[PDB]
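Just the one chain here, the form deposited without guanosine-5'-diphosphate (GDP), laid out as structure tokens.
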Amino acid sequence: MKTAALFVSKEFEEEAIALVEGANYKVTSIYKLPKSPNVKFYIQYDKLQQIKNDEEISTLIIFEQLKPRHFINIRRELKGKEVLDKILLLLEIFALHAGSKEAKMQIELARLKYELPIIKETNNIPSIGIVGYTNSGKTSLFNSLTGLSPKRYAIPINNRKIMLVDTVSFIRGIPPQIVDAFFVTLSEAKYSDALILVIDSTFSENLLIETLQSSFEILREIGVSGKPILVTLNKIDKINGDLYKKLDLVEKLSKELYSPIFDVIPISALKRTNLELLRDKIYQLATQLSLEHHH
């Protein structure tokens, strides 16, 4: 697919790669943010030229907020290759998930508001949304259940077909200019019949409680209620320690935070561990959703 060069600090690197790849980009080269950002192109002129003359790179992505000055200078150099900062990247990601008119419009509106200053200076299918943070590994889970990219994909489980919805992952510290765009795009998860809350188990005890609590809090804000939630404690193969300690916590805490909670199972999307068990739980959930209003 389309390749991209990524400029990002070591702290946001992991998240950046996840977001970029979520935008259907293959990260070929990675660089850290400039100590003293170039006043001209934000990045070294010699590096911009290298990327400019590298046919193996189609898009330049910088995980920071660029000034209108930088966009104009960089774009008038790339010729055809696109350039994206954090804000444009996120808006581009939202558009991929956006299904409703309001989301699509909020995204486009915010996009035009961000480009303006730059141009002025020149039979019965249930829906199962997969929610969670960017670091939860929810994307890997979607790709495993699907077999993989589409944000909506139907999968056969026995005699039932389930519509898996890869919703926009929760994002911490979002630019104020795109808050409304993200809120509406994320709120689209309220229209799902059920949800799969992916939880990063690698977190420490307190941080894990914070991620779980925050996840349900966010789901509460977007207007989710009455929807059966199947919690999946992801990243168990990376635990390298005690699983029951965190699993019990998640299970015992989830029931206190939200209702109804369908189930709470441990998984490992990459190693495809317990995924067979997961499919079984999905089927049982889909079976339940159909009988919910039957007589």
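For every residue, the number given is its place in the sequence shown, counted from 1.
Unmodelled deposited residues between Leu148 and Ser149: 10 or more, per the record. Unmodelled stretch separating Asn159 from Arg160: none (count of deposited-sequence residues without coordinates). As recorded in the PDB entry, 48-56 is the stretch of 48-56 and 23-31 with the greater mean C-alpha temperature factor.
The mean Cα B-factor in the deposited entry runs higher for 240-248 than for the other of 240-248 and 223-231. The PDB entry assigns the greatest CA B-factor among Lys113, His97, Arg76, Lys104 to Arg76. Highest C-alpha temperature factor among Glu188, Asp180, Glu121, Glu92, as the PDB entry reports it: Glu121. In this PDB entry, the Cα temperature factor of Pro37 sits in the top third of its chain's modelled residues, the highest group. Per-chain ranking of the deposited C-alpha B factor places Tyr133 in the middle third. Sorting the modelled residues of the chain by their CA temperature factor places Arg172 in the middle third. Among all modelled residues in its chain, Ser144 ranks in the middle third by Cα B-factor. Split the chain's modelled residues into thirds by C-alpha temperature factor. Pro266 is in the highest one.
In what follows, reference is made to the form deposited with guanosine-5'-diphosphate (GDP) bound, a form of this protein that is not presented.
Exactly one of the stretches 229-237, 33-41, 247-255, 50-58 approaches guanosine-5'-diphosphate (GDP) in the deposited complex with heavy atoms within 4.5 Å, and it is 229-237.
Contact annotation: of the candidates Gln106, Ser215, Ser192, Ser140, the single residue with a non-hydrogen atom within 4.5 angstroms of guanosine-5'-diphosphate (GDP) in the deposited complex is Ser140. guanosine-5'-diphosphate (GDP) in the deposited complex comes within 4.5 Å of no heavy atom belonging to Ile261. Using a 4.5 angstroms threshold between heavy atoms, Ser136 counts as touching guanosine-5'-diphosphate (GDP) in the deposited complex. Among residues of the shown chain, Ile62 is not one whose heavy atoms approach guanosine-5'-diphosphate (GDP) to within 4.5 Å in the deposited complex.
Looking at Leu243, you'd find every heavy atom of it more than 4.5 angstroms from guanosine-5'-diphosphate (GDP) in the deposited complex. Along 18-34, a non-hydrogen atom within 4.5 Å of guanosine-5'-diphosphate (GDP) in the deposited complex is carried only by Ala18.
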